[PDB]
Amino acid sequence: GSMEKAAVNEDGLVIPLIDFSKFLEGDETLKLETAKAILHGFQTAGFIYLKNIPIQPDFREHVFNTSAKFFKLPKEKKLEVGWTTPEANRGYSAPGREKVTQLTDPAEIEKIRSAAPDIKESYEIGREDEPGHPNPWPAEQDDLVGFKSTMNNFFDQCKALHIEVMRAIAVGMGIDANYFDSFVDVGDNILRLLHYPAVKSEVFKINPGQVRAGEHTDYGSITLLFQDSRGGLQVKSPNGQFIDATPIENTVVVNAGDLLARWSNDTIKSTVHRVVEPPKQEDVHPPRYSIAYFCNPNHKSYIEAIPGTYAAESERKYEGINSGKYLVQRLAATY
């Protein structure tokens, strides 16, 4: 059974490239081989690349064009649909500079003045019918006619891919193929549209420590990351070095989040990643677009060690937790 050349292979970090159609359409042997490859990727790197996913490239291109049209809106129109609370986790955001005030501790004043916020903006969409948390959609005029219908369609197709990736994980683990279905079928996911504005490379010298997206781990089960061809995404290697996650045409980068790491009793890795300058020399870095679809267990789900991820009970590292509660704690922490 032919395995593809790794998407990334540097400094001990090996991120496999996997043809997802072989899990969905292959005979039983090929299906299992592919599922095991997916699982092995999550167990080692915490990251995989998938090609030939059910989401069509022309639709993805349209979704990116539609996203670009949103971010071209004037600042006042974007702020009108602003991110409000961590428990909603929906709407427009752009990181601002912290201000010095009467209340600030003088030890922190030097840091605040020299701090460089991430050069990015985002717009987050949740499932439409979540009680108490409506999506703040912008008005549908001119270029934004079709915005909602496009993004809701994309949301549901990514929701479907989440279910299938978890099925691959289950098949790879040798547990019931549909084990995760009842934990993920609600689609309590977040569609994060990202725009990193064009920026002069000198900005990164004027502001040392400046990045496009600060280093972090994702919170949920998995993240489906669709990136354009600009580059800048980096994944931390097992030797502690950030390695370039090179863009590959018509792939989706998939990584496990902290909840899946915990759920798997740390058999699956949630790996630190960031976005920095693209690895090419140029005076001006053009705009970068990406879409992060954060997949989560159902907010009602109780998360405890998956069967087959431990032998003796003493090997369980974590107490059970409610999924929804965990996420809001992560979202609310910074504020």
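Think of the rigid core as the biggest set of C-alphas that the two forms share within 1.5 Å after superposition. Residue numbers here begin at 1 and follow the sequence given.
K.L.:
If you line up the core and then measure how far each C-alpha sits from this form in 4 other deposited structures of this protein, which stretch comes out higher, 87 to 95 or 252 to 260?
P.N.:
When 87 to 95 and 252 to 260 are compared in 4 other deposited structures of this protein, the bigger C-alpha shift is seen for 87 to 95.
K.L.:
Name the stretch that deviates more in 4 other deposited structures of this protein: 268 to 276, or 289 to 297? Use RMS CA distance to the shown form, core superposed.
P.N.:
Stretch with the larger root mean square C-alpha distance in 4 other deposited structures of this protein: 289 to 297.
K.L.:
For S114, record whether it is unmodelled in at least a third of the other compared entries of this protein.
P.N.:
Counting only entries that model residues on both sides, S114 is unresolved in at least a third of them.
K.L.:
With reference to the PDB entry, specify whether the mean Cα temperature factor is higher for 163 to 171 or for 139 to 147.
P.N.:
That would be 139 to 147.
K.L.:
Averaging C-alpha B-factors over each stretch, which comes out higher, 214 to 222 or 102 to 110?
P.N.:
If you average the C-alpha B-factors of 214 to 222 and of 102 to 110, the larger mean comes out for 102 to 110.
K.L.:
Which of these has the highest Cα B-factor in the record: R97, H195, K236, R90?
P.N.:
Of the options given, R97 has the highest CA B-factor in the PDB entry.
K.L.:
For the listed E76, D181, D258, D188, which has the peak Cα B-factor recorded in the PDB entry?
P.N.:
Checking the PDB record, the top C-alpha B-factor among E76, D181, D258, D188 is at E76.
K.L.:
Looking at the C-alpha B-factor of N153, is it in the lowest, middle or highest third of its chain?
P.N.:
Answer is middle: the recorded C-alpha B-factor places it there.
K.L.:
Should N296 be placed in the lowest, middle or highest third of its chain by the C-alpha B factor in the entry?
P.N.:
According to the entry, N296 has a C-alpha B-factor in the chain's lowest third.
K.L.:
Going by what the PDB entry lists, where does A37 fall on CA B-factor within its chain: lowest, middle or highest third?
P.N.:
It belongs to the lowest third of the chain when residues are ordered by C-alpha B-factor.
K.L.:
Using the temperature factors of the C-alpha atoms in this entry, rank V276 within its chain: lowest, middle or highest third.
P.N.:
Its C-alpha B-factor belongs to the middle third of this chain's values.
K.L.:
Relative to the other modelled residues in the chain, which third contains the C-alpha temperature factor of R288: lowest, middle or highest?
P.N.:
Its C-alpha B-factor belongs to the middle third of this chain's values.
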